[PDB]
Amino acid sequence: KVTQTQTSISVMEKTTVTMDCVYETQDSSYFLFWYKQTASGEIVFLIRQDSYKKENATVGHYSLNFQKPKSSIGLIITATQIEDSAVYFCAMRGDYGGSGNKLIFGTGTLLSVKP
């Protein structure tokens, strides 16, 4: 249902990074999200995409590349700061059995920024 193949990424500040995310759903309407976890354990909401929103979501230096046909929802961080070093998580809602607010999470991809 949600897969993020890369384990980790290392770049130098100012660079552009792309975190990959592939998903599997049979729902006609669906919701995709990217979160970030700092060293501290804080899990922060970054950006999302509605399957029915025709455009690629954009928020600050975070951009999504939603490829409906390929079931891909990559997270593009344009021109990186040291502040962006963290574990990046991709998630999709996938409720059943009365779950209510179940998100399915990929395993996360670690990102590094050298000064």
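Note that residue numbering follows the sequence shown and begins at 1.
- Higher average CA B factor: 55 to 63, of the stretches 55 to 63 and 29 to 37.
- Averaged over Cα atoms, the B-factor as recorded in the entry is higher for 81 to 89 than for the other of 81 to 89 and 43 to 51.
- Compared with the other modelled residues of the chain, the Cα B-factor recorded for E24 ranks in the middle third.
- Per-chain ranking of the deposited C-alpha B factor places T109 in the middle third.
- Per the PDB record, residue ranking by Cα B-factor puts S8 in the highest third of the chain.
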